[PDB]
A.B. asks: 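The structure follows.
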Amino acid sequence: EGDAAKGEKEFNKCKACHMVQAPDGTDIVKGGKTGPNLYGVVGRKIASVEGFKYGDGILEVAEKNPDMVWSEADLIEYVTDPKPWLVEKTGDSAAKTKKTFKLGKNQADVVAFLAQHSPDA
Ligand code: HEC
């Protein structure tokens, strides 16, 4: 039950590493390249952005669950605390992650913002 307008503001915490760019090249949120493009992330297969070098943990999630896509519930959990999410999904206490950034509040709002820019979900 997120507020996409509030999520757009919270996304300032994400944009250091993530852009939101449409397939025609249009920049919705200009941001960094340390993490993958988040345009269309809602409903997207886990760890499937072409050309991005993902960590072993999240690829294992994708490998072990080939039909898994990002749902709003899962995105909320992952953005709250990425590492334990990977541990939960892989069953591997040593799951490797390229990021540990945690968002403690307004997670549903950020996910609402991302859903807004996943129009074909
Ligand atoms: C602000 C709260 C956010 C949000 C909403 C997301 N991130 Fe990141 N991210 C970063 C890196 C290096 C990765 C790859 C992870 C790995 O390979 O282990 C990610 C991954 C994601 C995802 C998954 C994307 C996919 O294609 O499956 C999502 C949904 C996501 N992030 C959202 C890097 C960073 C940061 C650099 C320090 C920061 C800050 C954030 N991310 C913050 C956010």
Side-chain angles (χ1 to χ4, degrees):
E1 183 40 61
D3 184 340
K6 277 179 190 157
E8 185 170 358
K9 295 146 146 200
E10 289 297 316
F11 194 81
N12 289 327
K13 288 158 177 76
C14 313
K15 75 167 169 196
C17 303
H18 291 285
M19 74 183 66
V20 181
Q21 193 180 82
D24 73 351
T26 306
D27 287 341
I28 296 143
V29 184
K30 215 250 289 193
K33 284 175 182 289
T34 295
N37 191 4
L38 297 179
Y39 175 96
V41 67
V42 182
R44 186 168 84 196
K45 178 180 197 288
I46 305 304
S48 65
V49 174
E50 215 214 326
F52 189 79
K53 276 126 58 216
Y54 288 101
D56 286 347
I58 199 181
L59 291 166
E60 170 161 351
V61 173
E63 185 184 334
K64 296 169 67 173
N65 311 264
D67 65 327
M68 188 177 284
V69 300
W70 283 110
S71 68
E72 295 181 44
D74 287 312
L75 283 168
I76 287 168
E77 293 184 358
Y78 179 76
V79 310
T80 299
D81 208 345
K83 164 67 153 32
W85 191 86
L86 287 173
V87 175
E88 176 179 312
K89 297 318 193 202
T90 60
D92 184 355
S93 61
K96 294 198 194 277
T97 176
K98 289 192 74 176
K99 111 199 227 178
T100 58
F101 186 77
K102 302 161 210 71
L103 184 77
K105 60 180 172 89
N106 305 135
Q107 307 103 318
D109 299 330
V110 91
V111 170
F113 174 67
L114 296 175
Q116 194 178 53
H117 298 292
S118 301
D120 289 290

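Just so it is clear, the values below take in all heavy atoms, side chains as well, and ignore hydrogens, waters and symmetry mates. Along the sequence shown, residues are numbered consecutively beginning with 1.
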A.B. asks: Transitively linked via ILVMFWY side-chain contacts under 4.5 Å: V41 with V69?
C.D. replies: no

A.B. asks: Which heavy atom of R44 sits nearest to which heavy atom of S48, and what is that distance?
C.D. replies: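 Closest pair (atom of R44, atom of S48, distance): CG-OG, 3.7 Å.
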
A.B. asks: Just by modelled atom types, is the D109 backbone N or O under 3.5 Å from a matching donor or acceptor in the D3 side chain?
C.D. replies: no

A.B. asks: Side-chain heavy atoms nearer than 4.5 Å, only ILVMFWY residues, links allowed to pass through others: does that put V111 and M68 together?
C.D. replies: yes

A.B. asks: Other residues, nucleotides and ligands only: do more than 12 of their heavy atoms fall within 6.0 Å of NZ on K98?
C.D. replies: yes

A.B. asks: OG of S118 to CD of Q116: how many Å apart, nearest 0.5 Å?
C.D. replies: 10.0 Å

A.B. asks: Of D81, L75, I76, which is the lone residue that meets side-chain contact (heavy atoms from CB on, under 4.5 Å) with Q107?
C.D. replies: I76

A.B. asks: Mind checking whether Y78 and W70 have parallel, tilted or perpendicular rings, split at 30° and 60°?
C.D. replies: tilted

A.B. asks: Quick check: closest heavy atoms across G7 and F113, and the distance to 0.1 Å?
C.D. replies: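 Scanning both residues completely, I find the closest heavy atoms to be C-CB, 3.8 Å.
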
A.B. asks: Could you tell me whether the side chain of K102 and the main chain of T100 form a donor-acceptor pair under 3.5 Å?
C.D. replies: yes

A.B. asks: Would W85 and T97 count as a side chain to side chain contact (heavy atoms under 4.5 Å, CB included) here? Give the steps.
C.D. replies: CA-CA 10 Å; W85 191 86; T97 176; over 6 Å; no

A.B. asks: Which heavy atom of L38 sits nearest a heavy atom of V20, and at what distance?
C.D. replies: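 Closest pair (atom of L38, atom of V20, distance): CB-CG2, 4.4 Å.
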
A.B. asks: Minimum heavy-atom separation for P36 and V49, please, with both atom names.
C.D. replies: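 Residues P36 and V49, closest heavy atoms: CB-CG2, 3.8 Å.
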
A.B. asks: Give the cluster check for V42 versus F52: same hydrophobic cluster or not, with ILVMFWY residues linked at side-chain heavy-atom distances below 4.5 Å.
C.D. replies: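 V42 and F52: one cluster.
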
A.B. asks: Find out whether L103 and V110 are in side-chain contact, i.e. whether some heavy atom of one side chain is under 4.5 Å from a heavy atom of the other.
C.D. replies: yes

A.B. asks: Looking at every non-hydrogen atom in both residues, tell me the closest pair between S93 and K83 and how far apart they are.
C.D. replies: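 Closest heavy-atom pair between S93 and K83: O-NZ, 3.8 Å.
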
A.B. asks: Kindly indicate whether the side chain of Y39, heavy atoms from C-beta on, has any atom under 4.5 Å from the side chain of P23.
C.D. replies: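 Yes. Closest side-chain heavy atoms under 4.5 Å.
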
A.B. asks: Where is the tightest heavy-atom contact between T90 and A95, given as atom of each residue plus distance?
C.D. replies: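 Where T90 meets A95 most closely, the heavy atoms are OG1-CB, 3.7 Å.
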
A.B. asks: I would like to know whether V29 and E8 meet side chain to side chain contact (heavy atoms under 4.5 Å, CB included); could you show each step before the answer?
C.D. replies: CA-CA 9 Å; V29 184; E8 185 170 358; 5.8 Å; no

A.B. asks: Nearest 0.5 Å, please: how far is NZ in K6 from NZ in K105?
C.D. replies: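 Going from NZ on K105 over to NZ on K6, the span is 10.0 Å.
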
A.B. asks: Starting from the C-alpha separation in whole Å, work towards a yes-or-no answer on side chain to side chain contact (heavy atoms under 4.5 Å, CB included) for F11 and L114.
C.D. replies: CA-CA 9 Å; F11 194 81; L114 296 175; 3.8 Å; yes

A.B. asks: Sub-3.5 Å donor-acceptor pair from the side chain of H18 to the main-chain atoms of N37, do we have one?
C.D. replies: no

A.B. asks: Has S71 got a side-chain atom pairing as donor or acceptor with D74's backbone, closer than 3.5 angstrom?
C.D. replies: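 Between the backbone of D74 and the side chain of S71 there is a qualifying donor-acceptor contact (under 3.5 Å).
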
A.B. asks: So does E10 have more than 12 non-hydrogen atoms from other groups sitting under 6.0 Å from CD?
C.D. replies: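 Result for CD/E10: enclosed.
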
A.B. asks: More than 12 heavy atoms of other residues, nucleotides or ligands under 6.0 Å from NZ of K45: is that the case?
C.D. replies: yes

